[PDB]
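Numbering (the entry's author numbering), first residue to last: 8 to 124.
These notes are about the structure you will find just below.
Okay, structure coming up:
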């Protein structure tokens, strides 16, 4: 559920999200992928974005990550970027599964990776 996922995400990345809709900015999605692959351009991810044009940048970074690593999963930016509940709920559900299956043994420091943003 949304509550179970949000709690998981907040603990994983040391975030304080209250609604699934907040994942629509694409920043959290990028960092979940960074925790798994560690080659995301975190400095260029607009982590605390408020303007849609900035969300667009996050999604292009996310899409580039999928392409670089040969991830076949679909990413419908047009649906997610509007911060709609259902679309983001579904994408986050898949991301958690991807994380479970691919996150290795190394420790991840979400705060340091974001330069404490």
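Virtual Cβ for every residue (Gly too), placed ideally from N, Cα, C.
Best match in the options for proximity to residue i [C-alpha to C-alpha]
i           : options        : result
residue 94  : 33, 18, 11     : 33
residue 58  : 88, 35, 78     : 88
residue 55  : 36, 110, 15    : 36
residue 107 : 44, 84, 74, 29 : 44
residue 79  : 8, 15, 105     : 105
residue 122 : 60, 85, 50     : 50
Residues of its chain near residue i, where Cβ-Cβ distance is below 7 Å and the 5 sequence neighbours each way are ignored
i          : result
residue 40 : 47, 69, 72
Element boundaries [alpha helix (DSSP H), containing residue i]
i           : result
residue 54  : Element bounds for residue 54: n/a, residue is neither H nor E.
residue 29  : Premise fails: residue 29 is in no alpha helix (DSSP H) and is neither H nor E.
residue 105 : 92-109
residue 18  : 9-20
residue 120 : 117-120
Sequence-distant residues of its chain with Cβ nearer than 6 Å to residue i (five each side left out)
i           : result
residue 117 : 20, 21
residue 12  : 99
Status (buried if at least 16 other CB within 10 Å, exposed otherwise) for residue i
i           : result
residue 53  : buried
residue 113 : exposed
residue 120 : buried
*asked:* Does the structure place the stretch 98-105 close enough to the stretch 58-66 that three or more beta carbon pairs sit under 8 Å?
replied: no
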